[PDB]
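Enquirer: Mind looking over this structure? Questions follow.
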Amino acid sequence: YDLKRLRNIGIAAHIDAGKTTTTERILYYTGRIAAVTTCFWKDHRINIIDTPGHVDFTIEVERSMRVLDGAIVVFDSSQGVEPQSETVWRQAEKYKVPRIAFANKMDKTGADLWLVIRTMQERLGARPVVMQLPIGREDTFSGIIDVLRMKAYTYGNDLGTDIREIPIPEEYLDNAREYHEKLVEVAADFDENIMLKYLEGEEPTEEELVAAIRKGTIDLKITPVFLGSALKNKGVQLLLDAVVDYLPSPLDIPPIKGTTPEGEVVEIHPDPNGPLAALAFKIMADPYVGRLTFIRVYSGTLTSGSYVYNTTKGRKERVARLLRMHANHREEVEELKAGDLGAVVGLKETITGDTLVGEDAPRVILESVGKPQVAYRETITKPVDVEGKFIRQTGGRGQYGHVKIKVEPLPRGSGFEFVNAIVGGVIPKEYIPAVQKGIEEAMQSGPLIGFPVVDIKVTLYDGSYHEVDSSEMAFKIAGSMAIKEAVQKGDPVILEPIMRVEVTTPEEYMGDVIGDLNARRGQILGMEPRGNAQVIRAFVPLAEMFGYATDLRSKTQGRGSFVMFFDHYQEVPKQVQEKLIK
Ligand SMILES: Nc1nc2c(ncn2[C@@H]2O[C@H](COP(=O)(O)OP(=O)(O)O)[C@@H](O)[C@H]2O)c(=O)[nH]1
């Protein structure tokens with residue numbers, strides 16, 4: 001265990017760009033010596049954190065980004081930068097996570113390195129550095145030129161069983177020659193001594209270059225780009241050498257922030273010999289060990305067969321075993337130091353997102369079929385004074401329940417309030433519970449659209465009863481009926497949820513999106529930057545947002561993105577109410 005030799009990476013890519021094939025291929029070359037698979041490359045341990053299938057599911061994505069250190073963005077070189085690529089690309093920036101790119105499918109028809117380099121700076125605002133040059137196109141792609149070391153590689157087949165270093169062929173000797181010089185320029189921007197050498201026509205050393213490019217890559221200023229064909233086993237190991245050469249180690253990135261029990265909010269460093277701070281990010285019920293809980297250790301060591309405190313749930317837990325998932329097998333270990341990750345068997349209360357610390361350690365908390373229908377709520381507007389009355393011969397015996405209540409509207413969000421104002425026993429004390437229950441039962445489904453009635457204040461103040469005919473049932477119905485008429489005669493109004501949205505669209509559609517929203521009864525609050533895109537935010541009724549995704553696309557070329565969360569309830573406009581009633 002060396003902290004510098006760890007590489008926690010994620011593989012982000014638009015659907016079909018080749019995340020699976022790339023990942024699988026990596027496990028194959030890494031192997032011929034799962035939330036978090038592990039493997040080795042040149043004495044480095046690479047932990048491949050699995051990333052969310054659809055980048056749209058925000059919650060998971062930001063968690064993933066948070067647990068991984070570096071990332072590999074995979075592109076389909078016949079398509080260039082795609083929509084999901086942008087989404088996941090803004091996300092990475094949002095979390096300052098170093099990247100490198102892989103131009104996959106260089107064997108496919110239409111595959112072109114330059115389409116990717118261009119689209120990258122065009123759409124994403126990136127400053128790509130060409131690190132390799134292909135040798136051949138589509139069906140003839142067969143080699144790779146390493147522009148930084150001036151080396152060429154040829155693959156004798158699509159099986160990955162033949163690779164030879166060759167001299168840079170003559171037809172590419174000039175092309176490679178200038179990109180090397182361009183490479184040296186970029187490096188010079190991060191290493192003063194390289195510039196001096198550049199100015200006086202002196203070739204810097206690979207170490208200098210690699211170091212410089214690495215520094216740039218980690219600082220989030222450049223983006224090394226590599227290419228190959230996963231499906232045809234071309235470039236895979238060079239891509240692995242890249243992850244070691246440029247992606248960061250737990251040490252190269254900014255410390256994670258923790259909010260303690262007082263809010264002093266302090267940073268926690270990857271010290272193996274310091275308090276134990278860890279986070280569970282994915283739970284999976286394994287069939288051989290039952291319930292696996294994956295975690296990322298930020299600080300201190302976690303040992304097998306020990307106790308840990310789950311600072312989020314207050315609970316306490318026993319760490320039975322510590323497992324490591326490899327390509328084709330499991331491995332059991334006595335520990336997991338800081339900056340490392342693995343599975344933990346034993347936890348019972350810990351769920352996705354919870355923080356775990358050592359027993360005697362700083363209690364810090366690292367984180368905080370039908371058709372889809374809206375959650376409506378009914379309520380009233382003016383105070384009312386009605387009466388419930390159930391009187392009739394049902395079941396041989398008479399029935400008689402009579403209640404008089406005063407219902408009055410309460411401040412939005414005040415809830416419910418019941419008052420017993422009866423006196424002189426006009427209603428037998430034994431029936432009050434019946435009356436109350438009839439009321440809370442009828443509030444479950446309002447008379448306007450059948451949704452829970454809310455923010456009202458009921459007050460039982462009168463009624464009558466029969467010596468023999470009264471009964472609990474009678475007073476339950478009468479209380480029920482009373483409330484129903486209370487809501488009908490109280491100038492009722494439907495309330496609806498108002499979400500606060502967040503739409504990120506390149507300023508090219510600016511006025512288009514902020515125009516469609518208003519068509520959904522929204523209300524623009526403000527705007528701001530976020531790279532090449534603009535972040536629009538407003539209050540849109542949840543009813544108007546159904547299917548917004550397959551709408552924002554056909555109005556942003558799929559380059560649009562949004563997230564929304566409940567904000568408050570508000571009375572629907574008279575027009576909209578009238579409609580709903582139908
Ligand atoms: N020709 C070619 N096609 C590829 C390559 N990598 C992936 N594909 C194909 O792309 C499709 C999607 O692959 P996949 O790895 O599942 O991508 P994902 O959907 O991002 O996980 C499959 O049909 C692959 O066989 C490549 O380097 N060359």
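Labels for the structure tokens follow display order: chains A, B, ..., residues from 1 in each chain, ligands from 1.
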Please list as number ranges by chain every residue within 7 Å of residue A:103, counting only C-alpha atoms and excluding residues in the same chain fewer than 4 positions away.
Expert: A: 74-77, 113, 226-228
Enquirer: Identify, with DSSP run on backbone atoms, the residues in stretch 215-421 of chain A assigned to strand (DSSP E), and express the list as a ChimeraX atom specification.
Expert: /A:223-227,256-258,266-268,277-284,292-299,302-303,306-309,316-319,321-326,329-333,335-336,341-345,355-358,377-379,384-391,400-409,416-420
Enquirer: Using only C-alpha atoms and all ligand atoms, which residues of the polymer chains come no farther than 6 Å from ligand 1? I'd like the answer as a PyMOL selection string.
Expert: chain A and resi 13+15-21+104-105+107-108+229-232
Enquirer: Quick one: everything within 6 Å of stretch 210-219 of chain A, counting only C-alpha atoms, minus sequence neighbours fewer than 2 positions away in the same chain. Send it as a VMD selection string.
Expert: chain A and resid 98 187 190 to 191 206 to 208 221 to 223 246
Enquirer: If you keep N, CA and C atoms, can you produce a file of those selected residues as a compact mmCIF listing (two decimals), in the first residue's frame?
Expert:
```
# COMPACT_ATOMS: atom_id res chain seq x y z
N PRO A 98 -10.20 15.78 -12.31
CA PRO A 98 -9.35 15.63 -13.49
C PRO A 98 -9.87 14.61 -14.49
N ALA A 187 2.96 22.05 -22.57
CA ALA A 187 3.74 21.73 -21.38
C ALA A 187 4.45 22.98 -20.86
N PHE A 190 3.17 25.13 -18.11
CA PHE A 190 3.06 24.63 -16.75
C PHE A 190 4.41 24.37 -16.14
N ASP A 191 5.45 24.53 -16.94
CA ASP A 191 6.79 24.31 -16.46
C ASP A 191 7.66 25.37 -17.12
N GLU A 206 11.21 13.33 -21.26
CA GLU A 206 9.86 12.78 -21.09
C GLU A 206 9.30 13.08 -19.70
N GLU A 207 10.17 13.00 -18.70
CA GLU A 207 9.74 13.24 -17.34
C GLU A 207 9.17 14.63 -17.24
N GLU A 208 9.94 15.61 -17.72
CA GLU A 208 9.49 17.00 -17.69
C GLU A 208 8.13 17.10 -18.35
N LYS A 221 -6.76 22.38 -16.37
CA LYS A 221 -6.53 23.32 -17.46
C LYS A 221 -6.50 22.67 -18.85
N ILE A 222 -5.93 21.47 -18.96
CA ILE A 222 -5.94 20.77 -20.24
C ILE A 222 -6.74 19.48 -20.15
N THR A 223 -6.68 18.66 -21.19
CA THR A 223 -7.41 17.41 -21.23
C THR A 223 -6.73 16.47 -22.22
N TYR A 246 -1.18 10.46 -15.99
CA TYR A 246 -1.89 11.73 -15.77
C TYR A 246 -3.02 11.85 -14.74
```
Enquirer: How close does stretch 363-480 of chain A get to stretch 44-66 of chain A? List, as CSV, each residue of stretch 363-480 of chain A within 12 Å, its nearest atom pair and the distance in Å to one decimal, counting only C-alpha atoms.
Expert:
```
residue,atom,partner,partner_atom,distance
A:366,CA,A:66,CA,10.6
A:367,CA,A:63,CA,9.3
A:368,CA,A:63,CA,11.2
```
Enquirer: Near residue A:559, within 8 Å and counting only C-alpha atoms, which residues show up once chain neighbours fewer than 2 positions away are dropped, as a list in words?
Expert: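 My list of contacting residues is residues 83, 84, 86, 87, 505, 506, 553, 556, 557 and 561 of chain A.
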Enquirer: Restricting it to C-alpha atoms, dump the selection as a compact mmCIF listing (two decimals), in the first residue's frame.
Expert:
```txt
# COMPACT_ATOMS: atom_id res chain seq x y z
CA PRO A 83 -25.16 15.31 -25.27
CA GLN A 84 -24.65 12.96 -22.31
CA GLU A 86 -21.73 17.40 -22.07
CA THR A 87 -23.98 16.61 -19.13
CA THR A 505 -28.84 25.16 -21.81
CA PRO A 506 -26.07 26.64 -23.97
CA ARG A 553 -34.21 18.02 -25.88
CA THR A 556 -31.82 22.23 -27.29
CA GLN A 557 -30.80 19.33 -29.53
CA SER A 561 -30.36 19.40 -18.85
```
Enquirer: Would you list the contacts of stretch 377-382 of chain A as a PDB file with N, CA and C atoms, in the first residue's frame, taking every protein, DNA or RNA residue within 8 Å and counting only C-alpha atoms, but skipping same-chain residues closer than 3 positions in sequence?
Expert:
```pdb
ATOM      1  N   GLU A 408     -62.631  26.849   9.711  1.00  0.00           N
ATOM      2  CA  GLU A 408     -62.020  28.099   9.286  1.00  0.00           C
ATOM      3  C   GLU A 408     -60.633  27.847   8.717  1.00  0.00           C
ATOM      4  N   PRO A 409     -60.290  28.543   7.625  1.00  0.00           N
ATOM      5  CA  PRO A 409     -58.981  28.384   6.990  1.00  0.00           C
ATOM      6  C   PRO A 409     -57.846  28.780   7.913  1.00  0.00           C
ATOM      7  N   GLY A 446     -60.951  15.106  -0.212  1.00  0.00           N
ATOM      8  CA  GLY A 446     -61.785  16.287  -0.317  1.00  0.00           C
ATOM      9  C   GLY A 446     -62.867  16.152  -1.366  1.00  0.00           C
ATOM     10  N   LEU A 448     -63.584  18.200  -3.826  1.00  0.00           N
ATOM     11  CA  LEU A 448     -63.270  18.786  -5.129  1.00  0.00           C
ATOM     12  C   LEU A 448     -62.647  17.818  -6.131  1.00  0.00           C
ATOM     13  N   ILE A 449     -61.625  17.079  -5.710  1.00  0.00           N
ATOM     14  CA  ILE A 449     -60.980  16.115  -6.597  1.00  0.00           C
ATOM     15  C   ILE A 449     -60.584  14.858  -5.847  1.00  0.00           C
ATOM     16  N   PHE A 451     -58.693  14.731  -2.906  1.00  0.00           N
ATOM     17  CA  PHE A 451     -57.358  14.754  -2.317  1.00  0.00           C
ATOM     18  C   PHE A 451     -57.405  15.230  -0.875  1.00  0.00           C
ATOM     19  N   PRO A 452     -56.401  14.862  -0.087  1.00  0.00           N
ATOM     20  CA  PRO A 452     -56.424  15.293   1.311  1.00  0.00           C
ATOM     21  C   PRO A 452     -56.703  16.770   1.568  1.00  0.00           C
ATOM     22  N   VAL A 453     -57.692  17.035   2.419  1.00  0.00           N
ATOM     23  CA  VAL A 453     -58.045  18.396   2.811  1.00  0.00           C
ATOM     24  C   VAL A 453     -56.970  18.842   3.797  1.00  0.00           C
ATOM     25  N   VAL A 454     -56.608  20.123   3.771  1.00  0.00           N
ATOM     26  CA  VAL A 454     -55.554  20.604   4.647  1.00  0.00           C
ATOM     27  C   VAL A 454     -55.724  22.025   5.193  1.00  0.00           C
ATOM     28  N   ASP A 455     -54.777  22.407   6.043  1.00  0.00           N
ATOM     29  CA  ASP A 455     -54.725  23.705   6.685  1.00  0.00           C
ATOM     30  C   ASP A 455     -56.077  24.245   7.122  1.00  0.00           C
ATOM     31  N   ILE A 456     -56.806  23.445   7.893  1.00  0.00           N
ATOM     32  CA  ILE A 456     -58.106  23.860   8.410  1.00  0.00           C
ATOM     33  C   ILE A 456     -58.145  23.727   9.929  1.00  0.00           C
ATOM     34  N   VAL A 487     -66.111  21.931   3.443  1.00  0.00           N
ATOM     35  CA  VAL A 487     -65.185  22.214   2.368  1.00  0.00           C
ATOM     36  C   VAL A 487     -65.899  22.690   1.103  1.00  0.00           C
ATOM     37  N   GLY A 490     -67.109  26.434   1.616  1.00  0.00           N
ATOM     38  CA  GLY A 490     -66.091  27.366   2.073  1.00  0.00           C
ATOM     39  C   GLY A 490     -65.220  27.958   0.975  1.00  0.00           C
ATOM     40  N   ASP A 491     -65.790  28.155  -0.217  1.00  0.00           N
ATOM     41  CA  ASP A 491     -65.042  28.697  -1.346  1.00  0.00           C
ATOM     42  C   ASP A 491     -63.732  27.944  -1.416  1.00  0.00           C
ATOM     43  N   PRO A 492     -63.818  26.617  -1.559  1.00  0.00           N
ATOM     44  CA  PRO A 492     -62.654  25.726  -1.640  1.00  0.00           C
ATOM     45  C   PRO A 492     -61.705  26.085  -2.776  1.00  0.00           C
ATOM     46  N   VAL A 493     -60.472  25.602  -2.679  1.00  0.00           N
ATOM     47  CA  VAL A 493     -59.459  25.859  -3.686  1.00  0.00           C
ATOM     48  C   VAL A 493     -58.425  24.740  -3.705  1.00  0.00           C
ATOM     49  N   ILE A 494     -58.067  24.276  -4.896  1.00  0.00           N
ATOM     50  CA  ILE A 494     -57.073  23.226  -5.021  1.00  0.00           C
ATOM     51  C   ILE A 494     -55.678  23.833  -4.895  1.00  0.00           C
ATOM     52  N   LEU A 495     -54.785  23.139  -4.200  1.00  0.00           N
ATOM     53  CA  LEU A 495     -53.415  23.599  -4.021  1.00  0.00           C
ATOM     54  C   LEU A 495     -52.551  22.659  -4.822  1.00  0.00           C
ATOM     55  N   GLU A 496     -51.483  23.178  -5.414  1.00  0.00           N
ATOM     56  CA  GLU A 496     -50.612  22.328  -6.203  1.00  0.00           C
ATOM     57  C   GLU A 496     -49.159  22.587  -5.861  1.00  0.00           C
TER      58      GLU A 496
END
```
Enquirer: For residue A:535, which residue out of A:331, A:507, A:24, A:551 is the nearest one, using only C-alpha atoms?
Expert: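 Closest residue, counting only C-alpha atoms: A:507.
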Enquirer: Just the number, please: distance in Å from atom CA of residue A:1 to atom CA of residue A:29, one decimal.
Expert: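 The value is 21.7 Å.
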Enquirer: Quick check for you: according to DSSP on this backbone, which residues of stretch 413-457 of chain A are classed as helix (DSSP H, G or I)? Reply as number ranges by chain.
Expert: A: 429-442
Enquirer: Would you save the residues of that selection, restricted to N, CA, C and O atoms, as an mmCIF file, in the first residue's frame?
Expert:
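Saved file selection.cif follows:
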```cif
data_model
loop_
_atom_site.group_PDB
_atom_site.id
_atom_site.type_symbol
_atom_site.label_atom_id
_atom_site.label_comp_id
_atom_site.auth_asym_id
_atom_site.auth_seq_id
_atom_site.Cartn_x
_atom_site.Cartn_y
_atom_site.Cartn_z
ATOM 1 N N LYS A 429 -70.340 12.362 25.871
ATOM 2 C CA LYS A 429 -68.886 12.267 25.848
ATOM 3 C C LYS A 429 -68.342 11.000 25.184
ATOM 4 O O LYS A 429 -67.218 10.984 24.678
ATOM 5 N N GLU A 430 -69.132 9.935 25.190
ATOM 6 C CA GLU A 430 -68.688 8.671 24.613
ATOM 7 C C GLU A 430 -68.680 8.673 23.093
ATOM 8 O O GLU A 430 -68.199 7.738 22.458
ATOM 9 N N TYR A 431 -69.216 9.724 22.497
ATOM 10 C CA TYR A 431 -69.266 9.772 21.048
ATOM 11 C C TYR A 431 -68.288 10.735 20.384
ATOM 12 O O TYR A 431 -68.079 10.658 19.171
ATOM 13 N N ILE A 432 -67.678 11.616 21.177
ATOM 14 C CA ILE A 432 -66.698 12.562 20.655
ATOM 15 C C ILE A 432 -65.649 11.840 19.795
ATOM 16 O O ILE A 432 -65.374 12.251 18.665
ATOM 17 N N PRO A 433 -65.049 10.753 20.317
ATOM 18 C CA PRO A 433 -64.047 10.052 19.505
ATOM 19 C C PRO A 433 -64.609 9.627 18.153
ATOM 20 O O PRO A 433 -63.900 9.619 17.149
ATOM 21 N N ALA A 434 -65.889 9.276 18.133
ATOM 22 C CA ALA A 434 -66.534 8.858 16.898
ATOM 23 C C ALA A 434 -66.576 10.053 15.961
ATOM 24 O O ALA A 434 -66.207 9.946 14.793
ATOM 25 N N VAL A 435 -67.033 11.187 16.491
ATOM 26 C CA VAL A 435 -67.130 12.430 15.734
ATOM 27 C C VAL A 435 -65.768 12.802 15.148
ATOM 28 O O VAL A 435 -65.648 13.048 13.953
ATOM 29 N N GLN A 436 -64.740 12.835 15.988
ATOM 30 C CA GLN A 436 -63.395 13.160 15.525
ATOM 31 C C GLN A 436 -62.903 12.236 14.418
ATOM 32 O O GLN A 436 -62.312 12.685 13.436
ATOM 33 N N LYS A 437 -63.139 10.944 14.581
ATOM 34 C CA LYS A 437 -62.686 9.969 13.605
ATOM 35 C C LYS A 437 -63.419 10.094 12.284
ATOM 36 O O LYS A 437 -62.852 9.815 11.231
ATOM 37 N N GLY A 438 -64.683 10.500 12.342
ATOM 38 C CA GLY A 438 -65.462 10.635 11.127
ATOM 39 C C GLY A 438 -64.914 11.792 10.321
ATOM 40 O O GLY A 438 -64.929 11.785 9.084
ATOM 41 N N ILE A 439 -64.420 12.784 11.057
ATOM 42 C CA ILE A 439 -63.846 13.988 10.500
ATOM 43 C C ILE A 439 -62.498 13.719 9.840
ATOM 44 O O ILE A 439 -62.298 14.047 8.672
ATOM 45 N N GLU A 440 -61.573 13.112 10.573
ATOM 46 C CA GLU A 440 -60.264 12.841 10.000
ATOM 47 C C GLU A 440 -60.336 11.835 8.858
ATOM 48 O O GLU A 440 -59.401 11.699 8.076
ATOM 49 N N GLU A 441 -61.452 11.128 8.763
ATOM 50 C CA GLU A 441 -61.629 10.137 7.715
ATOM 51 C C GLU A 441 -62.048 10.852 6.435
ATOM 52 O O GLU A 441 -61.548 10.563 5.354
ATOM 53 N N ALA A 442 -62.969 11.796 6.575
ATOM 54 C CA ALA A 442 -63.479 12.553 5.447
ATOM 55 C C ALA A 442 -62.459 13.549 4.888
ATOM 56 O O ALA A 442 -62.586 13.992 3.745
#
```
Enquirer: Could you give me, as a PyMOL selection string, the residues within 10 Å of stretch 138-153 of chain A, counting only C-alpha atoms and dropping anything in the same chain fewer than 5 positions from it?
Expert: chain A and resi 78+105-112+130-133+158+163-169+172-173+175-184+205-206+209-210+213+226-229+232-235+238
Enquirer: Quick one: of A:325, A:292, A:533, A:333, who's nearest to residue A:124, counting only C-alpha atoms?
Expert: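 The shortest atom-to-atom distance to residue A:124 comes from A:533.
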